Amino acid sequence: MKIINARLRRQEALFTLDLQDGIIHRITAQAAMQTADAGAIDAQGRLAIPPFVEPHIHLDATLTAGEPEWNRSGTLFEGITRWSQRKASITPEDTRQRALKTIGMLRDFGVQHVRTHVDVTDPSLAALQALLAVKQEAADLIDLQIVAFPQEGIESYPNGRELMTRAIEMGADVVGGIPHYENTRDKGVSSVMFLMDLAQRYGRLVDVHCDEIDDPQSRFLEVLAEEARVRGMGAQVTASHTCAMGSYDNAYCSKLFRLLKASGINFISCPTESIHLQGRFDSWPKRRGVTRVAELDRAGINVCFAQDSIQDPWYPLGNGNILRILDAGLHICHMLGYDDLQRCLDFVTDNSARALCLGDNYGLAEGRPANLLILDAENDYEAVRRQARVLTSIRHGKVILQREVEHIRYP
């Protein structure tokens, strides 16, 4: 299958992409726009990109908002309370059905790579079982990573450490955590040592809900970063949220950046989720509550954006479209400069793939998997400004989604 007349990011001319046997066989510069071909994917001057990535979402909780009651306060903590209520009735079939619907939404919006957290503070591990199976079942749509996430804490939820260990044994490929939710600071710290030991022993990736709170003394990030540095695991480690960094003392934060850079770890920020859940304990002025995304990027550190929630105990909206999240992030993090906008798709493609350690299984280069999208825009700026639609999604060299180009009529 050929893709003709395509633009490639931050370049100017058109290219033909020749896909053969599931991989990218050839990429070739065109003299010019070429004759409209119905046998080919004719991008008609539109951008070809590798698939969007959703590096942080909760598929076990998705589509449960309001059951049995609503998060009336809009806080992280009542959200956990409400989720505990809903978790009481969870089963693998319930998990599989809701997860597949939401995977459908992600698919509709060009997402082919997904990292889901799953609560393993549940003696039955029902959702984990379901999502381990969904990874295989949904493989024709997405590559799913699964994070063992101890929602109610490692150190104070009953048999917390044993559930984490069992979850990893069962096949979760990423180790999670929630140090700011442990009952005491010292247990926050011990939880990090435990989970890094667990990850290192099994050669697992790491993705921790880290300092998701507006308390400037929530400093578990330094503990995770240092463990990553000492153990040489930085490329395999991700700190999600780090909302508290958005409130840190600036002298401390400047010092911290040296360790952050040296550790080599990745950062994920969930701007729609945080704008909603953070700032709730201020009156006025009311803080944004989002981590220092622009500053991390400028320091040469890998950072990216995620939706986090789709219609769940924490967040009432959501439709699968990562571009909306990109829009929110660039606004809230003050990244609307000319230069930011010309490369802003990094934060939902390349950077996210890096955090997921996708390697040569991602990107538009010869010999790599034939997974790509045709986007209805010529560049990053227009992609975000217009919230460009995904016209074609190709996976393993096969078209799995096609959208007609919109045309408005003016009678």
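Residue numbers here begin at 1 and follow the sequence given.
*Asks:* For the C-alpha atoms alone, is the average B factor greater in 397-405 or in 8-16, going by the entry?
*Replies:* It is 8-16.
*Asks:* Averaging only over Cα atoms, indicate whether 44-52 or 358-366 has the higher B-factor in the PDB entry.
*Replies:* Looking at the recorded C-alpha B-factors, 358-366 comes out higher on average.
*Asks:* Using the entry's values, work out which of 306, 170, 335, 178 has the largest Cα B factor.
*Replies:* Top of the list by C-alpha B-factor: 170.
*Asks:* Go through 76, 126, 323, 290 one by one and give the residue whose Cα B-factor in the PDB entry is largest.
*Replies:* Each of 76, 126, 323, 290 was compared by C-alpha B-factor; the highest is 126.
*Asks:* For residue 65, return the chain-relative third of its C-alpha B-factor as stated in the PDB record: lowest, middle or highest.
*Replies:* Middle third, going by the recorded CA B-factors of the chain.
*Asks:* Please place residue 59 in the lowest, middle or highest third of its chain according to the CA B-factor in the PDB entry.
*Replies:* Residue 59: CA B-factor falls in the lowest third of its chain.
*Asks:* By the recorded C-alpha temperature factor, relative to the other modelled residues in its chain, which third is residue 137 in?
*Replies:* Ranked within chain, residue 137 CA B lands in the highest tercile.
*Asks:* Is the Cα B-factor recorded for residue 216 in the lowest, middle or highest third of its chain?
*Replies:* Ranked within chain, residue 216 CA B lands in the lowest tercile.
*Asks:* Residue 36: which third of its chain by C-alpha temperature factor?
*Replies:* Highest third of the chain for residue 36's C-alpha B-factor.
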